[PDB]
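Numbering-wise, PDB author numbering puts 335 at position 312 of the sequence shown, and it's gapless, one number per residue.
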Amino acid sequence: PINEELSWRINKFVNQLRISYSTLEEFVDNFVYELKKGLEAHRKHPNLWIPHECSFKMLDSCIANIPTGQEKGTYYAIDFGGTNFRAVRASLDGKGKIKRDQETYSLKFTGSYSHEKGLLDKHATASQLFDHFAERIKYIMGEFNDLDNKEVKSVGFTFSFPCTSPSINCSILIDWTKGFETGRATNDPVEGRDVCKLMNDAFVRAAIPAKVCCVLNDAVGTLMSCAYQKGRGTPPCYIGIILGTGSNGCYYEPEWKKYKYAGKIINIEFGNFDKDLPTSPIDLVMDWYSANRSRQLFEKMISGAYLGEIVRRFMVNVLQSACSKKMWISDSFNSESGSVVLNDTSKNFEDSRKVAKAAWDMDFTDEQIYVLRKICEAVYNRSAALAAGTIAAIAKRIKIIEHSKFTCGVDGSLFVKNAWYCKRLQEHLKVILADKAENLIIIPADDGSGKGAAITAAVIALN
Ligand SMILES: OC[C@H]1O[C@H](O)[C@H](O)[C@@H](O)[C@@H]1O
């Protein structure tokens, strides 16, 4: 039970974050419309993204051979998913089974102090990033005695960024997202260059006996892994969703041949959606402070690289002068801390006080811990609601041609590391799909980004 001047603030600011069922429907409609415009735009100029024609990049994956579940072998993969970089080793057993061995390192915290924060810096060169990839592949390879010999090892590469892929072995970086600016201020950029080559050169510098044989977006990797692990009689995987540091999805487009595609699976790049976004003033501020102003706008509303900060800025606006100096500090509250508050089962809300004291140095009153709950609910629900609409809209585009039972695989910290979020996304998704809700099967695909690169390396072997 709370002061009235506070509650008026609570009611006002949560209302900027509400999403009614009618508007969410318009979203699904606007999304589906934007999808066809992307397909038609791709038919006209398949090699070029003309953004005024469509916010979606609708990029060809060059994948036409879906996994059969029988792909066999052991392959290395490198999973470049964003702020963290993860190197993997995976063996395939010939049935839908995967053993996986993984080592997650960080790009922000390289161990240097130049370049402000990270290998993301405009002043970091391209060569450093790809060398660091080879450096960690070297270490994982030496550990397994696979490295020392002189016969070349093939490697799958998931590059979680919008790329133009003229082939499965060719991928040109279009635009950095998720806060990266690597090479933009140097003579050695990543943007506009073949990432397959840049990596193969990183192998060459370190004498590593490896070669990248495929480059794929992390969303498509999730789909590939699901298809491989697809049980007999279990419907096929036609959608891959990543809901994590960034937010994006791939899907199976039946008209792939018609609209001049080489693969069947399209990387939508829906993070860059810009039509009728239900923005709040904090959303304008977040975009303004970004390194990619006016791009990835939808992602800046719903992605996990951004939820904690949205909560914080809303938090400051509601409690007003009761906030500690650290409450005003940018990026004091990450999205993981929001997961704790939403998924708190302690009695005295003990766990929720800890994240508040840990981030802000405030022994939260019972009043203020109530506020942190509601502000976390209002923000996170907006992400889940729009995310469900996104899935449904993708489902509607497929079902327009192909209506049946099929499954959609979901990956990323926001979905597998947050029970509350996973509940809301599925709840909203059940509402939008209406009667057909039973037709879409949501299945978690943990580490689909990393497995899928390896499975793709296998399918190349199979031809
Ligand atoms: O990390 C998941 C998503 O985040 C960003 O939007 C990337 O541009 C996109 O390629 C990726 O699929």
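C-beta atoms are modelled at their ideal positions from N, C-alpha and C, and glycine is treated no differently.
### Near ligand 2: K201 beta-carbon under 7 Å from a heavy atom
For ligand 2, the structure offers nothing, since it holds only ligand 1.
### Query
Are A113 and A157 closer than 8 Å when you measure CB to CB?
Taking the sequence shown and counting its residues from 1, one reaches residue 113 at position 90. Taking the sequence shown and counting its residues from 1, one reaches residue 157 at position 134. No. Outside cutoff.
### Message
Could you check whether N70 and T205 sit closer than 8 Å to each other, using their CB atoms as the reference points?
### Response
The count along the sequence shown starts at 1 and reaches residue 205 at position 182. The count along the sequence shown starts at 1 and reaches residue 70 at position 47. Cβ distance not < 8 Å, so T205 and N70 don't count as in contact.
### Query
Hey, would you say the C-beta of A477 is under 7 Å away from at least one heavy atom of ligand 1?
Against the sequence shown, residue 477 aligns to sequence position 454. No - ligand 1 has no heavy atom lying nearer than 7 Å to the Cβ of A477.
### Message
Given this structure, state the Cα-to-Cα distance separating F293 from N223, to the nearest angstrom.
### Response
Taking the sequence shown and counting its residues from 1, the one referred to as residue 293 is at position 270. Taking the sequence shown and counting its residues from 1, the one referred to as residue 223 is at position 200. Between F293 and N223, the C-alpha separation is close to 29 Å.
### Task
Please report how far the alpha carbon of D169 lies from the alpha carbon of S326, in whole angstroms.
For the purposes of this step, residue 169 is identified with residue 146 of the sequence shown, where counting begins at 1. For the purposes of this step, residue 326 is identified with residue 303 of the sequence shown, where counting begins at 1. Approximately 38 Å, taken between the alpha carbons.
### Query
Does ligand 1 have a heavy atom nearer than 7 Å to the CB of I89?
Against the sequence shown, residue 89 aligns to sequence position 66. Outside the cutoff, so no.
### Task
Specify the secondary structure class of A328 as computed by DSSP and reduced to three states.
Counting from 1 along the sequence shown, the entry for residue 328 is found at position 305. Looking at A328 - three-state DSSP - the assignment turns out to be coil, as it is neither helix nor strand.
### Task
Out of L320, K298 and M247, point me to the one whose CA is closest to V308's CA.
Taking the first residue of the sequence shown as 1, we reach residue 308 at position 285. Ranking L320, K298 and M247 by Cα distance to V308 puts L320 first.
### Query
Taking contact to mean at least 3 C-beta pairs separated by less than 8 Å, is the region 162 to 180 in contact with the region 227 to 246?
yes
### Message
For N172, count the other beta carbons within 10 Å of its own beta carbon; 16 or more makes it buried, fewer makes it exposed. Which is it?
### Response
Numbered from 1 along the sequence shown, position 149 holds the residue referred to as residue 172. Counting Cβ neighbours within 10 Å, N172 comes out exposed, since fewer than 16 surround it.
### Query
Is it the case that the Cβ atoms of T148 and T209 are separated by a distance below 8 Å?
Your numbering for residue 148 matches position 125 in the sequence shown. Your numbering for residue 209 matches position 186 in the sequence shown. Yes; because the gap between Cβ atoms is below 8 Å, this pair is in contact.
### Task
If I'm right that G272 touches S183 with Cβ under 8 Å, what's the distance once you round it to whole angstroms?
Position 249 of the sequence shown, counted from the start, is the residue given in the question as residue 272. Position 160 of the sequence shown, counted from the start, is the residue given in the question as residue 183. So it is not a contact: roughly 12 Å between Cβ atoms.
### Message
Does the distance between the C-beta of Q319 and the nearest non-hydrogen atom of ligand 1 fall short of 7 Å?
### Response
The residue given as residue 319 occupies position 296 in the sequence shown. Indeed, a heavy atom of ligand 1 lies less than 7 Å from the Cβ.
### Message
Are the CB atoms of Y275 and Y284 within a distance shorter than 8 Å?
### Response
Here residue 284 refers to the residue found at position 261 when the sequence shown is read from its first residue. Here residue 275 refers to the residue found at position 252 when the sequence shown is read from its first residue. It is not a contact, given that the beta carbons lie outside the stated cut-off.
### Query
Counting Cβ pairs, one atom from each stretch, are 3 or more of them under 8 Å apart for the region 357 to 367 and the region 329 to 346?
yes
### Task
List in chain order: all unbroken beta strand (DSSP E) runs of 3+ residues lying wholly within the region 28 to 104.
95 to 103
### Task
Leaving aside the five residues before and after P304 along the sequence, list all residues of the same chain whose C-beta is less than 8 Å from its C-beta, in chain order.
As a first step, residue 304 is located in the sequence shown; it is residue number 281 there, counting from the start. So the qualifying residues of the chain are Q39.
#### Entry: DSSP-derived helix/strand/coil call for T479
If you number the sequence shown from 1, residue 479 lands on position 456. Looking at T479 - three-state DSSP - the assignment turns out to be helix.
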